[PDB]
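Notes for the one structure printed next.
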Amino acid sequence: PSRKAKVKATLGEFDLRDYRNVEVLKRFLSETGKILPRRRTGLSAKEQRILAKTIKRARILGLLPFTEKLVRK
Amino acid sequence: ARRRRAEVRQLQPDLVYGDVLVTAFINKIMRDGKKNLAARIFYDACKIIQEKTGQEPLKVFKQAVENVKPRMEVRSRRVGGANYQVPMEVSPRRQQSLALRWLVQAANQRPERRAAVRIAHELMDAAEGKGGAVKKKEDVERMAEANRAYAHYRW
Amino acid sequence: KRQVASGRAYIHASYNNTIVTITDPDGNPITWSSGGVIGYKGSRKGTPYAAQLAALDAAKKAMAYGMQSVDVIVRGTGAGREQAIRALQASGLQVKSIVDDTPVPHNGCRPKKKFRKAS
RNA sequence: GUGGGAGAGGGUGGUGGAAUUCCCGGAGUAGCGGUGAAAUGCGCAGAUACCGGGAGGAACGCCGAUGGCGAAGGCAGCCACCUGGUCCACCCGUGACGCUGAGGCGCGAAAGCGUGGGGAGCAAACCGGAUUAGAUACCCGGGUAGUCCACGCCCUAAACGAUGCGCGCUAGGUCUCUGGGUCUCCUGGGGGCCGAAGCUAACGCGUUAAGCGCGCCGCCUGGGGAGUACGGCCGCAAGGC
Ligand SMILES: [K+]
Ligand SMILES: [K+]
Ligand SMILES: [K+]
Ligand SMILES: [Mg+2]
Ligand SMILES: [Mg+2]
Ligand SMILES: [Mg+2]
Ligand SMILES: [Mg+2]
Ligand SMILES: [Mg+2]
Ligand SMILES: [Mg+2]
Ligand SMILES: [Mg+2]
Ligand SMILES: [Mg+2]
Ligand SMILES: [Mg+2]
Ligand SMILES: [Mg+2]
Ligand SMILES: [Mg+2]
Ligand SMILES: [Mg+2]
Ligand SMILES: [Mg+2]
Ligand SMILES: [Mg+2]
Ligand SMILES: [Mg+2]
Ligand SMILES: [Mg+2]
Ligand SMILES: [Mg+2]
Ligand SMILES: [Mg+2]
Ligand SMILES: [Mg+2]
Ligand SMILES: [Mg+2]
Ligand SMILES: [Mg+2]
Ligand SMILES: [Mg+2]
Ligand SMILES: [Mg+2]
Ligand SMILES: [Mg+2]
Ligand SMILES: [Mg+2]
Ligand SMILES: [Mg+2]
Ligand SMILES: [Mg+2]
Ligand SMILES: [Mg+2]
Ligand SMILES: [Mg+2]
Ligand SMILES: [Mg+2]
Ligand SMILES: [Mg+2]
Ligand SMILES: [Mg+2]
Ligand SMILES: [Mg+2]
Ligand SMILES: [Mg+2]
Ligand SMILES: [Mg+2]
Ligand SMILES: [Mg+2]
Ligand SMILES: [Mg+2]
Ligand SMILES: [Mg+2]
Ligand SMILES: [Mg+2]
Ligand SMILES: [Mg+2]
Ligand SMILES: [Mg+2]
Ligand SMILES: [Mg+2]
Ligand SMILES: [Mg+2]
Ligand SMILES: [Mg+2]
Ligand SMILES: [Mg+2]
Ligand SMILES: [Mg+2]
Ligand SMILES: [Mg+2]
């Protein structure tokens, strides 16, 4: 049910369209480079939709990863 | 036993050594419901244990039974259409049952003339670690653990 | 005879076989094993026990090169992955980190009919 | 009209990473693969597994959904350009300019055809291995057209909501997408579920009507024969109407 914490509620004021802000978009990825779902981020439909494209831009720029590796399995 | 769990029968203790295990071995010796003949056989075998071994026949008996008990057996299982020899542990009751059955069955395979001599010789050889019953234990513990590759079919 | 003393351990676990390749920290292999290097020939290689034997054999081969610590890398979903993990874990070889690095595509190629109803 | 909004709507160019295959190098050894179990197959000309580099073709993981867009077919990495539809608010302008629509015209998944190109993965036909009483199959190893691109054809479908389009009228509750607003909520557009009245042979429909009405188009008239025959039109052909 993802009762640990919401990424939005664990954050303050930030721009959802800034593809260069890496340290804030890192929070929206999982342990792997995958994009977190709605239940983890706590965003709205429009917010998540914008976040997806901004994350893809940050990936293409070389700032965010396309995929990572899992540890401690 | 589908509905219930089939609680184990409690046997009467022995009239000589007071052990229920001796009574179970008597019963496995018994044939056609001849209890007195089985008791004659076993107690004459015990009198053979002494004058051949200074140890009390009860200790030799229990040590042989312990030496025959198998630790793992192998049961068949139908998986994916085929039949496999899956290894699995043995409950203590089945250990005792198989031990006594193998003791009697291997004793009657001996070339000895009368039954008491067969049972006495089988008990002595099984106590010191040989005989047909220990061969059966080794064969079962070989079949099991010879098919370790099926251990995940334990169920 | 190189005396590496520390390297990586790749585990390729498929539904048909599990194969272990022990390499140096740069990925160059040293020794390896599989279900076929053990006596198992047919489907018995896709067994967790076969994977355990393969892992232990590869570990003992790496002992000849005097290796002590490894970094484990898992690839593929197959029965016997965790058994090979637990075999390497307590084998004298110190397991430093276990990492799953299964190659998943981004929907690039078309699978065989066996893996269809997906993309 | 003005001012805003959301969107995989379409076209063109460019561009990114994961993966498959192949090639080069390193390292390394006896099998890999595959199945219910196997065999064909590939491997001492060094495979599989591992690391690095390179080439190429195709499809875009997470986001992603019961979601969005489109007239339908259908549309999913990213960027730019060109471009279509649509919704809301203001109550500004025209002043019935409307609805439908036989023909006509255009679009129309997949497969298929022509010319040229491309060809990694998959894969009809086919070559084998199994299975089987046989196995022109399912299972396994290969594999051509094809799948891809440009241009031109082809006009089919469970082209489906099996429900033509438009307008008006007739309880609500709940979930959701997208605006506007006095932003607990109200109001408008769209996507779902449950249900008033009513309808239905029933299942079910129920402000997204299959309810109540009106307008216009399409189509049905027992089953097989048969979407066959003939004729016509269209098509290079397959064939379609
Ligand atoms: K939809
Ligand atoms: K050709
Ligand atoms: K609002
Ligand atoms: Mg016997
Ligand atoms: Mg196998
Ligand atoms: Mg678009
Ligand atoms: Mg090579
Ligand atoms: Mg092959
Ligand atoms: Mg080949
Ligand atoms: Mg050969
Ligand atoms: Mg040679
Ligand atoms: Mg390869
Ligand atoms: Mg490579
Ligand atoms: Mg090529
Ligand atoms: Mg999805
Ligand atoms: Mg729509
Ligand atoms: Mg459709
Ligand atoms: Mg006015
Ligand atoms: Mg006027
Ligand atoms: Mg019209
Ligand atoms: Mg028309
Ligand atoms: Mg078409
Ligand atoms: Mg086509
Ligand atoms: Mg063609
Ligand atoms: Mg061609
Ligand atoms: Mg193929
Ligand atoms: Mg095939
Ligand atoms: Mg065949
Ligand atoms: Mg048959
Ligand atoms: Mg035959
Ligand atoms: Mg080829
Ligand atoms: Mg051709
Ligand atoms: Mg449908
Ligand atoms: Mg229809
Ligand atoms: Mg009908
Ligand atoms: Mg309707
Ligand atoms: Mg509505
Ligand atoms: Mg209903
Ligand atoms: Mg009613
Ligand atoms: Mg009813
Ligand atoms: Mg209506
Ligand atoms: Mg008819
Ligand atoms: Mg008729
Ligand atoms: Mg008909
Ligand atoms: Mg027809
Ligand atoms: Mg016809
Ligand atoms: Mg005709
Ligand atoms: Mg003609
Ligand atoms: Mg034909
Ligand atoms: Mg034909």
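Residue numbering restarts at 1 in every chain; chains get A, B, ... in the order shown in the structure tokens, and ligands count up from 1 in that same order.
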Select all residues from chain B having any atom no more than 12 Å from an atom of chain D (counting only C-alpha atoms (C1' of nucleotides), ignoring ligands), output as a CSV table (one decimal) with N, CA, C and O atoms, in the first residue's frame.
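In the end it all went to iface.csv:
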```
chain,number,residue,atom,x,y,z
B,78,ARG,N,4.0,-38.4,-8.7
B,78,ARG,CA,3.7,-38.2,-10.1
B,78,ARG,C,3.7,-36.7,-10.3
B,78,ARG,O,2.8,-35.9,-9.8
B,79,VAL,N,4.7,-36.2,-11.1
B,79,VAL,CA,4.8,-34.8,-11.4
B,79,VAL,C,5.0,-34.7,-13.0
B,79,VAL,O,5.8,-35.5,-13.6
B,80,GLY,N,4.3,-33.8,-13.6
B,80,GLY,CA,4.4,-33.5,-15.0
B,80,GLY,C,4.1,-34.7,-15.9
B,80,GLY,O,4.6,-34.8,-17.0
B,81,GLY,N,3.4,-35.7,-15.4
B,81,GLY,CA,3.1,-36.9,-16.1
B,81,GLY,C,4.1,-38.0,-15.8
B,81,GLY,O,3.7,-39.2,-16.0
B,82,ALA,N,5.3,-37.7,-15.3
B,82,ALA,CA,6.3,-38.7,-15.0
B,82,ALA,C,6.2,-39.1,-13.5
B,82,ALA,O,5.6,-38.4,-12.7
B,83,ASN,N,6.9,-40.2,-13.2
B,83,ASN,CA,7.0,-40.6,-11.8
B,83,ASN,C,8.5,-40.5,-11.3
B,83,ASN,O,9.4,-41.1,-12.0
```
Taking a cut-off of 10 Å and counting only C-alpha atoms (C1' of nucleotides) and all ligand atoms, can you build a table that, for each residue of chain D near ligand 14, reports the nearest atom pair and how far apart they are in Å (one decimal), sorted by chain then residue number, as a tab-separated table?
```
residue	atom	partner	partner_atom_place_in_ligand_line	distance
D:21	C1'	ligand 14	1 (Mg)	9.7
D:22	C1'	ligand 14	1 (Mg)	7.8
D:55	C1'	ligand 14	1 (Mg)	7.3
D:56	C1'	ligand 14	1 (Mg)	4.8
D:57	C1'	ligand 14	1 (Mg)	7.6
D:118	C1'	ligand 14	1 (Mg)	9.4
D:119	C1'	ligand 14	1 (Mg)	7.5
D:120	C1'	ligand 14	1 (Mg)	7.8
```
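Going from atom CA of residue A:2 to atom CA of residue A:40 covers 6.4 Å.
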Using only C-alpha atoms (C1' of nucleotides) and a cut-off of 7 Å, which residues of chain D sit close to chain A? Please list them as a PyMOL selection string. chain D and resi 16-17+62-63+78
So that I have them on file, write out the residues from the current selection with N, CA and C atoms (P, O5', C5', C4', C3', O3' and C1' of nucleotides), as a PDB file, in the first residue's frame.
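Heads up, here's the output in selection.pdb:
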```
ATOM      1  P     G D  16      22.150  10.324 -30.850  1.00  0.00           P
ATOM      2  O5'   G D  16      21.306   9.884 -29.572  1.00  0.00           O
ATOM      3  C5'   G D  16      21.459  10.548 -28.325  1.00  0.00           C
ATOM      4  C4'   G D  16      20.629   9.887 -27.254  1.00  0.00           C
ATOM      5  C3'   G D  16      20.943   8.421 -26.983  1.00  0.00           C
ATOM      6  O3'   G D  16      22.021   8.261 -26.073  1.00  0.00           O
ATOM      7  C1'   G D  16      18.597   8.713 -27.222  1.00  0.00           C
ATOM      8  P     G D  17      23.091   7.075 -26.258  1.00  0.00           P
ATOM      9  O5'   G D  17      22.484   5.874 -25.405  1.00  0.00           O
ATOM     10  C5'   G D  17      22.378   5.964 -23.991  1.00  0.00           C
ATOM     11  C4'   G D  17      21.241   5.126 -23.461  1.00  0.00           C
ATOM     12  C3'   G D  17      21.353   3.623 -23.675  1.00  0.00           C
ATOM     13  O3'   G D  17      22.176   2.985 -22.712  1.00  0.00           O
ATOM     14  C1'   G D  17      19.199   4.348 -24.314  1.00  0.00           C
ATOM     15  P     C D  62       6.079  -0.633 -19.128  1.00  0.00           P
ATOM     16  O5'   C D  62       6.455   0.237 -17.847  1.00  0.00           O
ATOM     17  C5'   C D  62       6.872  -0.390 -16.643  1.00  0.00           C
ATOM     18  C4'   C D  62       7.727   0.526 -15.805  1.00  0.00           C
ATOM     19  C3'   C D  62       7.110   1.864 -15.421  1.00  0.00           C
ATOM     20  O3'   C D  62       6.262   1.761 -14.287  1.00  0.00           O
ATOM     21  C1'   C D  62       9.354   2.172 -16.158  1.00  0.00           C
ATOM     22  P     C D  63       4.664   1.869 -14.433  1.00  0.00           P
ATOM     23  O5'   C D  63       4.406   3.397 -14.800  1.00  0.00           O
ATOM     24  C5'   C D  63       4.721   4.435 -13.884  1.00  0.00           C
ATOM     25  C4'   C D  63       4.960   5.739 -14.603  1.00  0.00           C
ATOM     26  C3'   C D  63       3.793   6.258 -15.434  1.00  0.00           C
ATOM     27  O3'   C D  63       2.881   7.018 -14.660  1.00  0.00           O
ATOM     28  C1'   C D  63       5.791   6.328 -16.716  1.00  0.00           C
ATOM     29  P     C D  78       8.109  10.722 -25.295  1.00  0.00           P
ATOM     30  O5'   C D  78       9.336  11.702 -25.549  1.00  0.00           O
ATOM     31  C5'   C D  78      10.358  11.852 -24.576  1.00  0.00           C
ATOM     32  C4'   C D  78      11.577  12.507 -25.170  1.00  0.00           C
ATOM     33  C3'   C D  78      11.312  13.746 -26.004  1.00  0.00           C
ATOM     34  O3'   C D  78      11.112  14.906 -25.217  1.00  0.00           O
ATOM     35  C1'   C D  78      12.805  12.324 -27.157  1.00  0.00           C
TER      36        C D  78
END
```
Could you list, as a PyMOL selection string, all protein and nucleic acid residues with an atom at most 9 Å from ligand 22, counting only C-alpha atoms (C1' of nucleotides) and all ligand atoms? chain D and resi 73+108-110+154-156
Per residue of chain C within 6 Å of chain A, note the shortest atom pair and the distance in Å to one decimal, counting only C-alpha atoms, and order the rows by chain and increasing residue number, as a Markdown table.
```
| residue | atom | partner | partner_atom | distance |
| --- | --- | --- | --- | --- |
| C:98 | CA | A:72 | CA | 5.4 |
| C:99 | CA | A:71 | CA | 4.7 |
| C:100 | CA | A:70 | CA | 5.4 |
| C:101 | CA | A:69 | CA | 5.7 |
```
- Using only C-alpha atoms, find the residues of chain B whose closest atom to chain C is at most 10 Å away, then write them as a PyMOL selection string. chain B and resi 148-152
Exercise for review: Name the residues of chain A that come out as helix (DSSP H, G or I) in a backbone DSSP run; write them as a PyMOL selection string.
Suggested key: chain A and resi 22-28+38-41+45-60
Stretch 119-135 of chain B environment, 12 Å, only C-alpha atoms (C1' of nucleotides), sequence neighbours closer than 4 positions dropped, as an MDAnalysis selection string: chainID B and resid 25:26 28:29 38:70 98:115 139:142
Correct to one decimal, the distance atom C1' of residue D:132-atom 1 (Mg, counted along the ligand's line) of ligand 5 is 24.3 Å
